[PDB]
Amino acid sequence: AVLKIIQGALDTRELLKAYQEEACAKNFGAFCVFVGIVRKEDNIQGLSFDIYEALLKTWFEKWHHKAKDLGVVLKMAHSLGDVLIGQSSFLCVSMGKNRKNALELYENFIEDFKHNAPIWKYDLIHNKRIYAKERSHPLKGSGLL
């Protein structure tokens, strides 16, 4: 599938293998991967995510199709719920025949994703979720009301 929403930590080994096999089956020459890994900050146990799935799907589908028009396959996976320290919460791949478009979409996608994907992050501390307000990004049209 183009967008994968996974409960808990991503199986990056399995995802990376599948993506590469696709790269080879499509005779691709360039393969760009990003993996977001939960790191230990202070003494958190990990992170937790909420996802607006319907909007995430449509938002991402526009990026997937913009990529396809340029000969690039763009796919992603993201965790839902708890992800512990050392585990992966987000992964994306941009691959194609040539490195130039693949690398450009990769950069552009990741930046857009950070600021616009409808996903909410919480620090896991003491088995409690603390919303990460200071680090968060207002969506377009914030403060409408």
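When you see a residue number, it is the position in the sequence shown, counting from 1.
Between 61-69 and 28-36, the higher mean Cα B-factor belongs to 61-69.
Relative to its counterpart among 107-115 and 51-59, 51-59 has the higher mean temperature factor, C-alpha atoms as listed in the PDB entry.
Sort the modelled residues of the chain by CA B factor and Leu3 lands in the lowest third. In this PDB entry, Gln45 carries a Cα temperature factor that places it within the middle third of its chain's modelled residues.
Placement of the Cα temperature factor of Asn98 within the chain: highest third of the modelled residues, per the deposited record.
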